[PDB]
file run.txt (compact mmCIF, C-alpha atoms)
# COMPACT_ATOMS: atom_id res chain seq x y z
CA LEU A 1099 174.91 -147.84 -77.88
CA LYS A 1100 176.63 -144.73 -76.45
CA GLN A 1101 175.93 -142.73 -79.62
CA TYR A 1102 174.82 -139.61 -77.76
CA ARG A 1103 174.46 -137.44 -80.86
CA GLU A 1104 171.27 -139.34 -81.72
CA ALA A 1105 169.88 -139.78 -78.19
CA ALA A 1106 169.59 -136.00 -77.81
CA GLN A 1107 167.90 -135.72 -81.22
CA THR A 1108 165.39 -138.43 -80.32
CA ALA A 1109 164.70 -136.68 -77.01
CA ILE A 1110 164.11 -133.39 -78.82
CA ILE A 1111 161.78 -135.05 -81.32
CA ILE A 1112 159.74 -136.81 -78.63
CA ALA A 1113 159.46 -133.72 -76.44
CA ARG A 1114 158.55 -131.49 -79.39
CA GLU A 1115 155.88 -133.93 -80.58
CA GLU A 1116 154.35 -134.14 -77.11
CA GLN A 1117 154.48 -130.34 -76.84
CA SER A 1118 152.75 -129.92 -80.20
CA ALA A 1119 150.06 -132.44 -79.25
CA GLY A 1120 149.17 -130.23 -76.28
CA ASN A 1121 150.51 -132.24 -73.32
CA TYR A 1122 153.05 -129.80 -71.91
CA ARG A 1123 153.27 -131.46 -68.49
CA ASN A 1124 154.00 -134.88 -70.00
CA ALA A 1125 156.44 -133.36 -72.49
CA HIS A 1126 158.25 -131.53 -69.70
CA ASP A 1127 158.36 -134.69 -67.57
CA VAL A 1128 159.76 -136.90 -70.33
CA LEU A 1129 162.24 -134.27 -71.52
CA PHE A 1130 163.47 -133.66 -67.96
CA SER A 1131 163.92 -137.37 -67.30
CA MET A 1132 165.80 -137.77 -70.58
CA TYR A 1133 167.91 -134.70 -69.78
CA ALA A 1134 168.80 -136.17 -66.40
CA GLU A 1135 169.66 -139.49 -68.05
CA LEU A 1136 172.03 -137.68 -70.41
CA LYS A 1137 173.48 -135.57 -67.58
CA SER A 1138 174.11 -138.52 -65.25
CA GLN A 1139 176.84 -139.72 -67.63
CA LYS A 1140 178.54 -136.28 -67.64
CA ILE A 1141 177.71 -135.66 -71.31
CA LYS A 1142 177.64 -132.25 -72.96
CA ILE A 1143 173.90 -131.70 -73.38
CA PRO A 1144 173.12 -129.85 -76.64
CA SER A 1145 171.82 -126.31 -76.39
CA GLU A 1146 168.65 -127.30 -78.26
CA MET A 1147 167.65 -129.74 -75.51
CA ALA A 1148 168.40 -127.14 -72.83
CA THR A 1149 166.37 -124.48 -74.66
CA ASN A 1150 163.41 -126.84 -75.08
CA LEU A 1151 163.58 -127.83 -71.41
CA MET A 1152 163.80 -124.17 -70.38
CA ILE A 1153 160.76 -123.20 -72.45
CA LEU A 1154 158.70 -126.16 -71.24
CA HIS A 1155 159.69 -125.50 -67.62
CA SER A 1156 158.85 -121.80 -67.97
CA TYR A 1157 155.40 -122.76 -69.21
CA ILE A 1158 155.12 -125.24 -66.32
CA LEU A 1159 156.02 -122.47 -63.86
CA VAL A 1160 153.41 -120.15 -65.39
CA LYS A 1161 150.65 -122.22 -63.78
CA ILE A 1162 152.40 -122.31 -60.40
CA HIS A 1163 153.12 -118.58 -60.29
CA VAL A 1164 149.56 -117.74 -61.37
CA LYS A 1165 148.22 -120.22 -58.80
CA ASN A 1166 149.74 -118.34 -55.85
CA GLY A 1167 148.70 -114.99 -57.33
CA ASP A 1168 152.25 -113.70 -57.87
CA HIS A 1169 151.40 -111.82 -61.05
CA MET A 1170 154.90 -110.48 -61.76
CA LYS A 1171 156.63 -113.87 -61.89
CA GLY A 1172 153.83 -115.45 -63.90
CA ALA A 1173 153.76 -112.47 -66.24
CA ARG A 1174 157.50 -112.70 -66.90
CA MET A 1175 157.17 -116.43 -67.57
CA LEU A 1176 154.18 -115.80 -69.85
CA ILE A 1177 156.22 -113.23 -71.78
CA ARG A 1178 158.97 -115.84 -72.16
CA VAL A 1179 156.37 -118.34 -73.40
CA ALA A 1180 154.67 -115.89 -75.76
CA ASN A 1181 158.00 -115.00 -77.38
CA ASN A 1182 158.11 -118.69 -78.40
CA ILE A 1183 154.32 -119.24 -78.69
CA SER A 1184 154.94 -121.05 -81.98
CA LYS A 1185 156.42 -123.85 -79.86
CA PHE A 1186 152.94 -124.14 -78.28
CA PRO A 1187 150.79 -124.44 -81.42
CA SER A 1188 147.60 -126.09 -80.15
CA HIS A 1189 147.25 -123.46 -77.40
CA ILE A 1190 148.45 -120.35 -79.24
CA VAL A 1191 145.20 -118.44 -78.70
CA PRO A 1192 144.51 -119.32 -75.02
CA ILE A 1193 147.99 -118.84 -73.54
CA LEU A 1194 148.47 -115.50 -75.29
CA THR A 1195 145.17 -114.29 -73.84
CA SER A 1196 146.30 -115.25 -70.34
CA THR A 1197 149.55 -113.38 -70.96
CA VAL A 1198 147.68 -110.15 -71.69
CA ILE A 1199 145.59 -110.55 -68.54
CA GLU A 1200 148.70 -111.25 -66.50
CA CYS A 1201 150.56 -108.41 -68.17
CA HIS A 1202 147.59 -106.24 -67.22
CA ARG A 1203 147.76 -107.39 -63.59
CA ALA A 1204 151.54 -107.15 -63.17
CA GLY A 1205 151.70 -103.68 -64.73
CA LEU A 1206 153.55 -104.86 -67.85
CA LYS A 1207 150.91 -103.05 -69.88
CA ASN A 1208 153.23 -102.32 -72.81
CA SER A 1209 153.79 -106.06 -73.25
CA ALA A 1210 150.05 -106.61 -72.84
CA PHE A 1211 149.34 -104.11 -75.61
CA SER A 1212 151.92 -105.68 -77.93
CA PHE A 1213 150.63 -109.21 -77.32
CA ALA A 1214 146.99 -108.18 -77.79
CA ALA A 1215 147.91 -106.39 -81.02
CA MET A 1216 149.54 -109.63 -82.13
CA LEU A 1217 146.28 -111.35 -81.14
CA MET A 1218 144.25 -109.12 -83.46
CA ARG A 1219 145.88 -110.66 -86.51
CA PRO A 1220 143.16 -112.26 -88.67
CA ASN B 828 154.35 -104.60 -90.54
CA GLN B 829 151.45 -102.35 -91.54
CA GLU B 830 152.84 -98.85 -92.17
CA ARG B 831 155.41 -100.01 -94.73
CA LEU B 832 153.13 -102.66 -96.25
CA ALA B 833 150.59 -100.00 -97.23
CA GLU B 834 153.35 -98.00 -98.91
CA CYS B 835 154.51 -101.10 -100.80
CA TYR B 836 150.97 -101.77 -102.02
CA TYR B 837 150.54 -98.13 -103.05
CA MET B 838 153.79 -97.91 -105.00
CA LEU B 839 153.01 -101.29 -106.57
CA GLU B 840 149.50 -100.03 -107.43
CA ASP B 841 148.02 -103.19 -105.92
CA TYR B 842 144.92 -101.39 -104.69
CA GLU B 843 143.21 -104.72 -104.01
CA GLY B 844 146.01 -105.41 -101.55
CA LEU B 845 145.47 -102.00 -99.98
CA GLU B 846 141.77 -102.75 -99.59
CA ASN B 847 142.53 -106.14 -98.02
CA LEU B 848 145.00 -104.51 -95.62
CA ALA B 849 142.48 -101.82 -94.68
CA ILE B 850 139.74 -104.39 -94.01
CA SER B 851 142.15 -106.58 -92.03
CA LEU B 852 143.14 -103.77 -89.64
CA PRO B 853 141.30 -103.29 -86.32
CA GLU B 854 138.41 -100.84 -86.00
CA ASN B 855 140.76 -97.97 -85.17
CA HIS B 856 144.38 -97.56 -86.23
CA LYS B 857 146.96 -94.90 -87.07
CA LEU B 858 147.17 -96.28 -90.63
CA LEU B 859 143.55 -96.30 -91.80
CA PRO B 860 143.38 -92.51 -92.43
CA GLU B 861 146.55 -92.73 -94.54
CA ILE B 862 145.08 -95.61 -96.55
CA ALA B 863 141.91 -93.59 -97.10
CA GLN B 864 143.97 -90.61 -98.30
CA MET B 865 145.78 -92.93 -100.72
CA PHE B 866 142.43 -94.20 -101.99
CA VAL B 867 141.19 -90.64 -102.44
CA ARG B 868 144.29 -89.72 -104.44
CA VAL B 869 143.89 -92.71 -106.74
CA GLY B 870 140.14 -92.08 -106.96
CA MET B 871 138.48 -95.06 -105.23
CA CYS B 872 135.60 -93.26 -103.55
CA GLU B 873 133.95 -96.39 -102.13
CA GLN B 874 137.05 -97.85 -100.49
CA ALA B 875 138.08 -94.43 -99.19
CA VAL B 876 134.63 -93.89 -97.67
CA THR B 877 134.69 -97.29 -95.98
CA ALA B 878 138.20 -96.66 -94.65
CA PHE B 879 137.26 -93.23 -93.27
CA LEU B 880 134.11 -94.62 -91.65
CA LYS B 881 136.30 -97.30 -90.07
CA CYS B 882 138.48 -94.47 -88.72
CA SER B 883 135.24 -92.92 -87.40
CA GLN B 884 135.74 -89.73 -89.43
CA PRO B 885 132.42 -89.28 -91.26
CA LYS B 886 133.19 -85.61 -91.98
CA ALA B 887 136.06 -86.57 -94.28
CA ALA B 888 134.05 -89.52 -95.62
CA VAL B 889 131.51 -87.00 -96.92
CA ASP B 890 134.08 -84.38 -97.93
CA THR B 891 135.60 -86.95 -100.28
CA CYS B 892 132.19 -87.81 -101.75
CA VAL B 893 131.72 -84.09 -102.40
CA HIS B 894 135.28 -83.83 -103.73
CA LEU B 895 134.88 -86.88 -105.98
CA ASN B 896 131.36 -85.75 -106.99
CA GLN B 897 129.61 -88.81 -105.52
CA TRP B 898 126.69 -86.78 -104.24
CA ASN B 899 124.38 -89.74 -103.62
CA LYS B 900 126.75 -91.10 -100.98
CA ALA B 901 127.34 -87.61 -99.59
CA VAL B 902 123.62 -87.00 -99.02
CA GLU B 903 123.11 -90.51 -97.63
CA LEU B 904 125.96 -90.11 -95.13
CA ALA B 905 124.66 -86.66 -94.20
CA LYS B 906 121.28 -88.21 -93.43
CA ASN B 907 122.91 -91.00 -91.41
CA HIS B 908 125.57 -89.12 -89.41
CA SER B 909 123.55 -85.88 -89.13
CA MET B 910 125.59 -83.24 -90.95
CA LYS B 911 122.93 -81.84 -93.33
CA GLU B 912 125.37 -79.26 -94.76
CA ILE B 913 125.45 -80.81 -98.26
CA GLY B 914 122.13 -79.36 -99.41
CA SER B 915 123.79 -75.97 -99.89
CA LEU B 916 126.73 -77.72 -101.57
CA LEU B 917 124.42 -79.28 -104.17
CA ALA B 918 122.43 -76.06 -104.56
CA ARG B 919 125.43 -73.89 -105.37
CA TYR B 920 127.17 -76.57 -107.45
CA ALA B 921 124.07 -76.85 -109.62
CA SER B 922 123.80 -73.05 -109.71
CA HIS B 923 127.36 -72.87 -111.02
CA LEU B 924 126.61 -75.59 -113.58
CA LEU B 925 123.54 -73.70 -114.79
CA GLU B 926 125.68 -70.56 -115.01
CA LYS B 927 127.76 -72.63 -117.45
CA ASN B 928 124.56 -73.58 -119.36
CA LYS B 929 125.15 -77.25 -118.48
CA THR B 930 121.56 -77.91 -117.45
CA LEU B 931 121.98 -81.59 -118.31
CA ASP B 932 124.79 -81.87 -115.77
CA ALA B 933 122.54 -80.25 -113.17
CA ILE B 934 119.83 -82.81 -113.94
CA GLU B 935 122.41 -85.60 -113.67
CA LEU B 936 123.54 -84.46 -110.22
CA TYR B 937 119.96 -83.93 -109.04
CA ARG B 938 119.21 -87.50 -110.12
CA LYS B 939 122.36 -88.82 -108.46
CA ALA B 940 121.59 -86.90 -105.26
CA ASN B 941 117.94 -88.07 -105.34
CA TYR B 942 116.79 -84.43 -105.53
CA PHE B 943 114.35 -85.66 -108.14
CA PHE B 944 112.00 -82.68 -107.83
CA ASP B 945 114.65 -80.22 -109.02
call {"tool": "encode", "arguments": {"input": "run.txt", "output": "structure tokens"}}
result
Amino acid sequence: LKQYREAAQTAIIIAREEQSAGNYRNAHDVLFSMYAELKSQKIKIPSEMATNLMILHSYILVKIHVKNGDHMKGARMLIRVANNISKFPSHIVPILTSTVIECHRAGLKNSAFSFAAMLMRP
Amino acid sequence: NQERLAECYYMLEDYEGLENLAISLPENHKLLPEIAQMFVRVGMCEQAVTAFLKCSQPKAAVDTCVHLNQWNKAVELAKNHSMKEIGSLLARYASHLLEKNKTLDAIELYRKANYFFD
């Protein structure tokens, strides 16, 4: 229908629902494909879609950077995720824990202390 | 925010909120001693003692029991944490009370402090 103000909103809703459910890989995949579909027509993609894609892709890259043992890159990406941890509800507790561990490995011990203190909320 | 929240509770005189904040904090913290001081000022011996013991400062936790005249808790904490300096405290406090002819007060303390023989 070429009403691109609603296509972006539907994409955001679908990606956010999949992210909340706990399937971050599937949410990232669908949001990226929808982003590419909107981009292929040379359409101004809203900043909300770009921010969601950036956060999902940062979380996706967390696993890759931890996998190869590069603790600095994974720690930076985990800090970026933890600053938005509300966007990852169903895995708030696990991811944050990983962040601390990574922030302990990479030497970002101040961030590790802050995130662990935020963990010790009731 | 913890440091300002304790001040807001204190000025609001919502001491239940202060107690909840103090029991929600981790085992150690820079704020728990201040909360215990606030409790001591207002006169809540029990909450102050629990807060100080959370800080791991039994010496102050017994100094407040002495200060607030809760000698039962003072003697119990001395037995637990191995201070044993409160016997003289009770002895001379009761001596002063007897010097004021308040023998009944001396009996009351000796009953509170479980010094039943005296």
call {"tool": "interface_residues", "arguments": {"input": "run.txt", "of": "chain A", "to": "chain B", "cutoff": "8 Å", "atoms": "all atoms listed in the file", "output": "PDB file with C-alpha atoms, keeping the file's coordinate frame"}}
result
ATOM      1  CA  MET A1218     144.250-109.120 -83.460  1.00  0.00           C
ATOM      2  CA  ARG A1219     145.880-110.660 -86.510  1.00  0.00           C
ATOM      3  CA  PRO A1220     143.160-112.260 -88.670  1.00  0.00           C
TER       4      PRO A1220
END
call {"tool": "residues_around", "arguments": {"input": "run.txt", "residues": "residue 1193 of chain A", "least_positions_apart": "3", "cutoff": "10 Å", "atoms": "all atoms listed in the file", "output": "short mmCIF file (atom, residue, chain, number, x, y, z; two decimals) with C-alpha atoms, in the coordinates of the input"}}
result
data_model
loop_
_atom_site.label_atom_id
_atom_site.label_comp_id
_atom_site.auth_asym_id
_atom_site.auth_seq_id
_atom_site.Cartn_x
_atom_site.Cartn_y
_atom_site.Cartn_z
CA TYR A 1157 155.40 -122.76 -69.21
CA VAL A 1160 153.41 -120.15 -65.39
CA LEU A 1176 154.18 -115.80 -69.85
CA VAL A 1179 156.37 -118.34 -73.40
CA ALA A 1180 154.67 -115.89 -75.76
CA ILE A 1183 154.32 -119.24 -78.69
CA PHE A 1186 152.94 -124.14 -78.28
CA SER A 1188 147.60 -126.09 -80.15
CA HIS A 1189 147.25 -123.46 -77.40
CA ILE A 1190 148.45 -120.35 -79.24
CA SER A 1196 146.30 -115.25 -70.34
CA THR A 1197 149.55 -113.38 -70.96
CA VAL A 1198 147.68 -110.15 -71.69
CA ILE A 1199 145.59 -110.55 -68.54
#
call {"tool": "residues_around", "arguments": {"input": "run.txt", "residues": "residue 845 of chain B", "least_positions_apart": "5", "cutoff": "10 Å", "atoms": "only C-alpha atoms", "output": "list in words"}}
result
residues 832, 833, 834, 835, 836, 837, 840, 850, 851, 862, 863, 865, 866 and 874 of chain B
call {"tool": "residues_around", "arguments": {"input": "run.txt", "residues": "segment 914-917 of chain B", "least_positions_apart": "5", "cutoff": "9 Å", "atoms": "only C-alpha atoms", "output": "mmCIF file with C-alpha atoms, in the frame of the given file"}}
result
data_model
loop_
_atom_site.group_PDB
_atom_site.id
_atom_site.type_symbol
_atom_site.label_atom_id
_atom_site.label_comp_id
_atom_site.auth_asym_id
_atom_site.auth_seq_id
_atom_site.Cartn_x
_atom_site.Cartn_y
_atom_site.Cartn_z
ATOM 1 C CA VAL B 893 131.720 -84.090 -102.400
ATOM 2 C CA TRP B 898 126.690 -86.780 -104.240
ATOM 3 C CA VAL B 902 123.620 -87.000 -99.020
ATOM 4 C CA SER B 922 123.800 -73.050 -109.710
ATOM 5 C CA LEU B 936 123.540 -84.460 -110.220
ATOM 6 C CA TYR B 937 119.960 -83.930 -109.040
ATOM 7 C CA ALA B 940 121.590 -86.900 -105.260
#
call {"tool": "atom_distance", "arguments": {"input": "run.txt", "atom1": "atom CA of residue 921 of chain B", "atom2": "atom CA of residue 864 of chain B"}}
result
26.7 Å
call {"tool": "closest_residue", "arguments": {"input": "run.txt", "among": "A:1134, A:1217, A:1177, A:1106", "to": "residue 1153 of chain A", "atoms": "all atoms listed in the file"}}
result
A:1177
call {"tool": "atom_distance", "arguments": {"input": "run.txt", "atom1": "atom CA of residue 1194 of chain A", "atom2": "atom CA of residue 1117 of chain A"}}
result
16.1 Å
call {"tool": "residues_near_point", "arguments": {"input": "run.txt", "point": "(132.9, -94.1, -94.8)", "cutoff": "12 Å", "atoms": "only C-alpha atoms", "output": "ChimeraX atom specification"}}
result
/B:859-860,863,866-867,871-892,900-901,903-905,907-908
call {"tool": "closest_residue", "arguments": {"input": "run.txt", "among": "A:1127, A:1195, A:1121, A:1133", "to": "residue 1108 of chain A", "atoms": "all atoms listed in the file"}}
result
A:1133
call {"tool": "closest_residue", "arguments": {"input": "run.txt", "among": "A:1115, A:1215, A:1099, A:1174", "to": "residue 856 of chain B", "atoms": "only C-alpha atoms"}}
result
A:1215
call {"tool": "closest_residue", "arguments": {"input": "run.txt", "among": "A:1103, A:1114, A:1142, A:1178", "to": "residue 1209 of chain A", "atoms": "only C-alpha atoms"}}
result
A:1178
call {"tool": "axis_aligned_box", "arguments": {"input": "run.txt", "around": "segment 906-915 of chain B", "padding_each_side": "8 Å", "output": "AutoDock Vina command-line options"}}
result
--center_x 123.4 --center_y -83.5 --center_z -94.5 --size_x 20.3 --size_y 31.0 --size_z 26.8
call {"tool": "atom_distance", "arguments": {"input": "run.txt", "atom1": "atom CA of residue 1141 of chain A", "atom2": "atom CA of residue 1184 of chain A"}}
result
29.1 Å
call {"tool": "residues_around", "arguments": {"input": "run.txt", "residues": "residue 924 of chain B", "least_positions_apart": "5", "cutoff": "12 Å", "atoms": "all atoms listed in the file", "output": "PyMOL selection string"}}
result
chain B and resi 917-919+929-937
call {"tool": "residues_around", "arguments": {"input": "run.txt", "residues": "segment 1150-1152 of chain A", "least_positions_apart": "2", "cutoff": "7 Å", "atoms": "all atoms listed in the file", "output": "PyMOL selection string"}}
result
chain A and resi 1126+1129-1130+1146-1148+1154-1156
call {"tool": "decode", "arguments": {"input": "run.txt", "residues": "chain A", "atoms": "C-alpha atoms", "output": "PDB file, in the first residue's frame"}}
result
ATOM      1  CA  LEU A1099       0.000   0.000   0.000  1.00  0.00           C
ATOM      2  CA  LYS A1100       3.097   2.261   0.152  1.00  0.00           C
ATOM      3  CA  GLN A1101       2.043   3.681   3.532  1.00  0.00           C
ATOM      4  CA  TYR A1102       5.518   3.450   5.035  1.00  0.00           C
ATOM      5  CA  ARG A1103       4.620   5.209   8.289  1.00  0.00           C
ATOM      6  CA  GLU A1104       2.790   2.051   9.398  1.00  0.00           C
ATOM      7  CA  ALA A1105       5.177  -0.548   7.956  1.00  0.00           C
ATOM      8  CA  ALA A1106       7.956   0.705  10.232  1.00  0.00           C
ATOM      9  CA  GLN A1107       5.621   0.657  13.239  1.00  0.00           C
ATOM     10  CA  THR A1108       4.552  -2.916  12.485  1.00  0.00           C
ATOM     11  CA  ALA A1109       8.207  -3.915  12.114  1.00  0.00           C
ATOM     12  CA  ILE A1110       9.031  -2.329  15.472  1.00  0.00           C
ATOM     13  CA  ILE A1111       6.096  -4.075  17.149  1.00  0.00           C
ATOM     14  CA  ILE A1112       6.998  -7.493  15.725  1.00  0.00           C
ATOM     15  CA  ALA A1113      10.690  -7.170  16.573  1.00  0.00           C
ATOM     16  CA  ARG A1114       9.956  -5.898  20.085  1.00  0.00           C
ATOM     17  CA  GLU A1115       7.504  -8.736  20.744  1.00  0.00           C
ATOM     18  CA  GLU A1116      10.009 -11.337  19.557  1.00  0.00           C
ATOM     19  CA  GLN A1117      12.716  -9.681  21.670  1.00  0.00           C
ATOM     20  CA  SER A1118      10.495  -9.723  24.760  1.00  0.00           C
ATOM     21  CA  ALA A1119       9.595 -13.381  24.199  1.00  0.00           C
ATOM     22  CA  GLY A1120      13.307 -14.220  24.419  1.00  0.00           C
ATOM     23  CA  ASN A1121      14.182 -15.045  20.786  1.00  0.00           C
ATOM     24  CA  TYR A1122      16.799 -12.393  20.081  1.00  0.00           C
ATOM     25  CA  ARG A1123      18.271 -14.162  17.044  1.00  0.00           C
ATOM     26  CA  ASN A1124      14.873 -14.501  15.366  1.00  0.00           C
ATOM     27  CA  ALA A1125      13.948 -10.931  16.306  1.00  0.00           C
ATOM     28  CA  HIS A1126      17.223  -9.642  14.865  1.00  0.00           C
ATOM     29  CA  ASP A1127      16.737 -11.686  11.687  1.00  0.00           C
ATOM     30  CA  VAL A1128      13.178 -10.495  11.067  1.00  0.00           C
ATOM     31  CA  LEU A1129      13.974  -6.879  11.943  1.00  0.00           C
ATOM     32  CA  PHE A1130      17.021  -6.869   9.659  1.00  0.00           C
ATOM     33  CA  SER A1131      15.064  -8.345   6.762  1.00  0.00           C
ATOM     34  CA  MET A1132      12.298  -5.790   7.273  1.00  0.00           C
ATOM     35  CA  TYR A1133      14.885  -2.998   7.532  1.00  0.00           C
ATOM     36  CA  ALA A1134      16.440  -4.118   4.251  1.00  0.00           C
ATOM     37  CA  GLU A1135      12.993  -4.252   2.648  1.00  0.00           C
ATOM     38  CA  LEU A1136      12.370  -0.656   3.728  1.00  0.00           C
ATOM     39  CA  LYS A1137      15.862   0.436   2.647  1.00  0.00           C
ATOM     40  CA  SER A1138      15.653  -1.162  -0.813  1.00  0.00           C
ATOM     41  CA  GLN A1139      13.022   1.432  -1.769  1.00  0.00           C
ATOM     42  CA  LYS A1140      15.246   4.334  -0.604  1.00  0.00           C
ATOM     43  CA  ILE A1141      12.914   5.236   2.268  1.00  0.00           C
ATOM     44  CA  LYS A1142      13.928   7.245   5.323  1.00  0.00           C
ATOM     45  CA  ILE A1143      14.042   4.545   8.001  1.00  0.00           C
ATOM     46  CA  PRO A1144      12.825   5.874  11.375  1.00  0.00           C
ATOM     47  CA  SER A1145      15.380   6.237  14.145  1.00  0.00           C
ATOM     48  CA  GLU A1146      13.373   3.861  16.355  1.00  0.00           C
ATOM     49  CA  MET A1147      13.859   0.995  13.893  1.00  0.00           C
ATOM     50  CA  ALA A1148      17.571   1.775  13.587  1.00  0.00           C
ATOM     51  CA  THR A1149      17.980   1.910  17.372  1.00  0.00           C
ATOM     52  CA  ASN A1150      16.177  -1.409  17.821  1.00  0.00           C
ATOM     53  CA  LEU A1151      18.274  -3.017  15.090  1.00  0.00           C
ATOM     54  CA  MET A1152      21.454  -1.614  16.644  1.00  0.00           C
ATOM     55  CA  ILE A1153      20.599  -2.966  20.097  1.00  0.00           C
ATOM     56  CA  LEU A1154      19.593  -6.385  18.762  1.00  0.00           C
ATOM     57  CA  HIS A1155      22.729  -6.585  16.615  1.00  0.00           C
ATOM     58  CA  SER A1156      24.925  -5.549  19.545  1.00  0.00           C
ATOM     59  CA  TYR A1157      23.428  -8.372  21.588  1.00  0.00           C
ATOM     60  CA  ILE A1158      23.969 -10.715  18.628  1.00  0.00           C
ATOM     61  CA  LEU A1159      27.626  -9.655  18.457  1.00  0.00           C
ATOM     62  CA  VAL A1160      28.050 -10.262  22.198  1.00  0.00           C
ATOM     63  CA  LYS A1161      27.950 -14.010  21.584  1.00  0.00           C
ATOM     64  CA  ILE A1162      30.399 -13.817  18.674  1.00  0.00           C
ATOM     65  CA  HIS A1163      32.930 -11.650  20.506  1.00  0.00           C
ATOM     66  CA  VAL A1164      32.746 -13.838  23.619  1.00  0.00           C
ATOM     67  CA  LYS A1165      33.069 -16.941  21.424  1.00  0.00           C
ATOM     68  CA  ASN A1166      36.497 -15.933  20.095  1.00  0.00           C
ATOM     69  CA  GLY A1167      37.606 -14.802  23.558  1.00  0.00           C
ATOM     70  CA  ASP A1168      37.980 -11.125  22.651  1.00  0.00           C
ATOM     71  CA  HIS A1169      36.849  -9.864  26.042  1.00  0.00           C
ATOM     72  CA  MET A1170      37.132  -6.134  25.296  1.00  0.00           C
ATOM     73  CA  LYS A1171      34.768  -6.130  22.307  1.00  0.00           C
ATOM     74  CA  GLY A1172      32.267  -8.407  24.018  1.00  0.00           C
ATOM     75  CA  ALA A1173      32.471  -6.334  27.191  1.00  0.00           C
ATOM     76  CA  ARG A1174      31.754  -3.107  25.305  1.00  0.00           C
ATOM     77  CA  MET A1175      28.802  -4.755  23.574  1.00  0.00           C
ATOM     78  CA  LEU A1176      27.559  -6.133  26.899  1.00  0.00           C
ATOM     79  CA  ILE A1177      27.762  -2.639  28.399  1.00  0.00           C
ATOM     80  CA  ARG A1178      25.704  -1.367  25.465  1.00  0.00           C
ATOM     81  CA  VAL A1179      23.171  -4.150  26.071  1.00  0.00           C
ATOM     82  CA  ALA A1180      23.049  -3.642  29.842  1.00  0.00           C
ATOM     83  CA  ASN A1181      22.351   0.068  29.411  1.00  0.00           C
ATOM     84  CA  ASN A1182      19.146  -1.068  27.645  1.00  0.00           C
ATOM     85  CA  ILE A1183      18.636  -4.333  29.601  1.00  0.00           C
ATOM     86  CA  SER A1184      14.960  -3.423  29.958  1.00  0.00           C
ATOM     87  CA  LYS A1185      14.681  -4.176  26.230  1.00  0.00           C
ATOM     88  CA  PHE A1186      15.749  -7.748  27.144  1.00  0.00           C
ATOM     89  CA  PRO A1187      13.230  -8.526  29.904  1.00  0.00           C
ATOM     90  CA  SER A1188      13.158 -12.331  29.977  1.00  0.00           C
ATOM     91  CA  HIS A1189      16.968 -12.469  30.270  1.00  0.00           C
ATOM     92  CA  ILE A1190      17.609  -9.471  32.519  1.00  0.00           C
ATOM     93  CA  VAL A1191      19.335 -11.519  35.227  1.00  0.00           C
ATOM     94  CA  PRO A1192      21.531 -13.801  33.042  1.00  0.00           C
ATOM     95  CA  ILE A1193      22.893 -11.245  30.560  1.00  0.00           C
ATOM     96  CA  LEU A1194      23.775  -8.771  33.305  1.00  0.00           C
ATOM     97  CA  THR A1195      25.724 -11.495  35.107  1.00  0.00           C
ATOM     98  CA  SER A1196      27.698 -12.230  31.943  1.00  0.00           C
ATOM     99  CA  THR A1197      28.405  -8.513  31.614  1.00  0.00           C
ATOM    100  CA  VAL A1198      30.022  -8.403  35.049  1.00  0.00           C
ATOM    101  CA  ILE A1199      32.162 -11.430  34.234  1.00  0.00           C
ATOM    102  CA  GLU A1200      33.180  -9.898  30.922  1.00  0.00           C
ATOM    103  CA  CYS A1201      33.762  -6.525  32.555  1.00  0.00           C
ATOM    104  CA  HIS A1202      35.965  -8.385  35.025  1.00  0.00           C
ATOM    105  CA  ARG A1203      37.930 -10.041  32.217  1.00  0.00           C
ATOM    106  CA  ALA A1204      38.332  -6.968  30.004  1.00  0.00           C
ATOM    107  CA  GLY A1205      39.443  -4.773  32.910  1.00  0.00           C
ATOM    108  CA  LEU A1206      36.279  -2.631  32.872  1.00  0.00           C
ATOM    109  CA  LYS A1207      36.002  -3.303  36.589  1.00  0.00           C
ATOM    110  CA  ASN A1208      34.232  -0.017  37.361  1.00  0.00           C
ATOM    111  CA  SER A1209      31.430  -1.012  34.991  1.00  0.00           C
ATOM    112  CA  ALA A1210      31.447  -4.495  36.525  1.00  0.00           C
ATOM    113  CA  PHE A1211      31.029  -3.003  39.998  1.00  0.00           C
ATOM    114  CA  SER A1212      28.199  -0.723  38.861  1.00  0.00           C
ATOM    115  CA  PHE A1213      26.349  -3.535  37.086  1.00  0.00           C
ATOM    116  CA  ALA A1214      26.757  -5.924  40.023  1.00  0.00           C
ATOM    117  CA  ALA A1215      25.484  -3.232  42.394  1.00  0.00           C
ATOM    118  CA  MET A1216      22.479  -2.885  40.096  1.00  0.00           C
ATOM    119  CA  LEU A1217      22.158  -6.684  40.333  1.00  0.00           C
ATOM    120  CA  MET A1218      21.924  -6.558  44.125  1.00  0.00           C
ATOM    121  CA  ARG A1219      18.585  -4.784  43.944  1.00  0.00           C
ATOM    122  CA  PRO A1220      15.958  -6.951  45.688  1.00  0.00           C
TER     123      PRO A1220
END
